[PDB]
Amino acid sequence: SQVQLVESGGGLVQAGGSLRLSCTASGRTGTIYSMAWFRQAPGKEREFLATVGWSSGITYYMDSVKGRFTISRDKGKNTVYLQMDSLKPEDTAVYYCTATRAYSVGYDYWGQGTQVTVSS
Amino acid sequence: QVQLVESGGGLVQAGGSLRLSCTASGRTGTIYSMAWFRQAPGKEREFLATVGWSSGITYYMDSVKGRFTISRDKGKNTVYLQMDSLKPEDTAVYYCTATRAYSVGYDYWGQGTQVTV
Ligand SMILES: Cn1c(=O)c2c(ncn2C)n(C)c1=O
């Protein structure tokens, strides 16, 4: 793979708590147009959550996470973040980061995910 | 600056097929890609598939890959979602979107069309 992604930052918290996910990209990172976070709860489909423009830092959020989660990136460190506040049990899932290449569409590169568990 | 109107859908028998379409009007030259989402009752909007407006390159989520086909006719300003091998859990309101060049996410949304399997 010309770009490799590794997510970290997951773990177990109680409801009301916070986590900060991160994902480092390596390889041909100059080809990245945007990065996005998804999550997959057990037995469910992958759900798109939020995206950030790699060059611009412009962001877009789905209503499921808007106003609790913040996506950002430190371009010089080739790292994207997902700040997750006011976590609820229903946020429990494997969280994946992805990259979309310039002149492509969709989600070209995927990490292996990081587990997020929110208990009562 | 861009308006989207979806057509197609309605009641369809399981195992069958439906083709949805969406026509864009306005500043269509600014469109980089278009994408279909769906929302089952009481659930979140789920991203399904996208097509590059200039190139026709496509991407599908695993939920629909190998069953739905997305395509576009640039001259007619129209994008299509061919839905084959439909299953009960495909019942949802289907929404088409457009993303402007140099934007991110989903800038323009249609009003949706119901598909009931
Ligand atoms: C919206 N958009 C663009 O506008 C774009 C792009 N790659 C190049 N451009 C211009 N990608 C991947 C993209 O999603």
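Naming: A, B, ... by sequence-line order, numbering from 1 per chain. Values reported hereafter were calculated over all heavy atoms of this structure, with side chains retained and with hydrogens, waters and symmetry mates removed. Both ligands and their constituent atoms are indexed starting at 1 by order of listing.
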For [atom], what's the nearest protein heavy atom and its distance?
{"atom": "atom 9 (N) of ligand 1", "result": "B:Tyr32 CE1, 3.6 Å"}
{"atom": "atom 1 (C) of ligand 1", "result": "B:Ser103 O, 3.4 Å"}
{"atom": "atom 7 (N) of ligand 1", "result": "A:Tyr103 N, 2.9 Å"}

### Query
When A:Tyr95 is tested against each of A:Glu47, A:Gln40, A:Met84, A:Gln115 for side-chain contact (heavy atoms from CB on, under 4.5 Å), which residue passes?
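Exactly one option meets the side-chain contact (heavy atoms from CB on, under 4.5 Å) with A:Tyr95, and it is A:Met84.
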#### Entry: Residue from B:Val51, B:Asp73, B:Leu20 passing side-chain contact (heavy atoms from CB on, under 4.5 Å) with B:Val79
B:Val51
### Task
State yes or no: are the ring centers of B:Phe37 and B:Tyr106 separated by less than 6.0 Å?
yes
### Query
Hey, is B:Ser33 one of the residues with a heavy atom under 4.0 angstrom from ligand 1?
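Contact absent.
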Near [X], which atoms of ligand 1 are under 4.0 Å from a heavy atom of that residue?
{"X": "B:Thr99", "value": "1 (C)"}
{"X": "A:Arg101", "value": "12 (C)"}
{"X": "A:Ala102", "value": "7 (N)"}

### Message
Using the rule given for side chain to side chain contact (heavy atoms under 4.5 Å, CB included), can you reason through B:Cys96 versus B:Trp36, listing the C-alpha separation, both sets of side-chain angles and the distance that settles it, and then say yes or no?
### Response
CA-CA 5 Å; B:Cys96 193; B:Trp36 289 89; 3.8 Å; yes
### Query
With a cut-off of under 6.0 Å to the ring centre and 45° to the axis, is A:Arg46 in cation-pi contact with A:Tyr96?
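No, A:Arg46 does not sit over the ring of A:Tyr96.
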